[PDB]
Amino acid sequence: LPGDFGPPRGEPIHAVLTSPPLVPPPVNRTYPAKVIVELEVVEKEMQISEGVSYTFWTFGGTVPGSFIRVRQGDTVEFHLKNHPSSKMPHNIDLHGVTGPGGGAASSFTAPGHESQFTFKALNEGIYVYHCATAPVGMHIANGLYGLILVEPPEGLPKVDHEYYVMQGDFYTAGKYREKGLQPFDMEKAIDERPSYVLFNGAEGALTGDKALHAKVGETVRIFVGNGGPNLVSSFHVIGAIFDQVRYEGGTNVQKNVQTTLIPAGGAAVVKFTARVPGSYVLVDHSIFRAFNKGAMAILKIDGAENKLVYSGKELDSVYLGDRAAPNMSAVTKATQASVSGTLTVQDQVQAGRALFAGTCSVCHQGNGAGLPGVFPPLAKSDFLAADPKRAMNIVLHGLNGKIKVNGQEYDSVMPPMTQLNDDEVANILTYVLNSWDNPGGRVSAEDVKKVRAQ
């Protein structure tokens, strides 16, 4: 058999697991060991987006689940606990396991119970693990997946940073960015029509102040999973190249590629060398996923510019939209205040400020000045002030034809933005009304609901 390095030696090792986006240290070991792995399933509400709650099913309290790191030839004694608060039974199938179900039958664990099974890690490589409990698709869709690394006996080459990034497709009853606790939607899941496509279980999980970091000249290894359940990632780094891409434990290594297809349930190790400073975007290049459903993550490189290599500027809201900023905490706060019935004008203003970035600023500018004769101003806009209800219709349904704004004619097209939710339109317009010498007041979600219906 492969991984024939003899019986376990030394002492039993209690595996130290890490939460995304971090990785356990290299095993740094020349002998096979008995490794004891303890992983606990926890079902809990978390924010899938600002003001959007979801009942996740998690391995270790995170999506993706805790990272497991062992050595080819190790004997793994795998313990799965199911927290007493769980409503569902759970189990595990680890890719890389030699045996039926990858552990599934022997890891069946009711709420408040523990199971264990033992396997030899015969196969080096990076591998997806996931729940294997009927209905399997529901369990995986709710977040039950992670990565296990089985190192080659000599270890992977040294790098400056190792990170853990895992794509998933998610299925909410509500539409993208519709607030509240969103149930799982079985019909969307069966049709492979996700409402969100995410890295690490949430919109913005790896953007802004949650970005990954490295410095010019450093090497970065990323362990990239695709939990699915259903989508295949056109996995891509914007503005860079992968030195290496290696799938699972494959003998093949692709070098010097920017775009690479990761199967549903697949995993790859990618290597990046930082050359010039700025934000490098990991995306699913099935572009509506990346830019309309949340499938973007950032590796931010600090260090000296090299104008001979790249003369240009850091990413901004034109490309990254409302994820250019450190966070959108104001949207969470405004949503909470709406639930509590304490929503203030300033709550709306700060939420709208966050949402205006990219969505509106690409044309109207961050200062609302637009571009005379090309993009009309929102700053001190007579046309806006004259009819706040018209402004709701313009955001939802677009605007075209000749108009006059602050004494100048425009004859252009503002596309409809019907995908914005009632609260988003209300908060954006309240921000605009309370900025740039506009007349103040507020737009409510209910105001926008009425315009959308007629």
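Start at 1 with the first residue shown and count on from there.
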property	result
Segment of higher mean CA temperature factor, 57-65 or 404-412	404-412
Segment of higher mean CA temperature factor, 260-268 or 325-333	325-333
Maximum C-alpha temperature factor, selected from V150, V216, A205, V281	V216
Maximum C-alpha temperature factor, selected from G341, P194, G102, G227	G341
Position of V309 among the chain's modelled residues by C-alpha B-factor, lowest, middle or highest third	middle
CA B-factor placement of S233, once the chain's modelled residues are sorted into thirds	lowest
B-factor third for the C-alpha atom of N91 within its chain	lowest
Chain thirds of CA B-factor: placement of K300	middle
Chain-relative CA temperature factor third for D316	highest
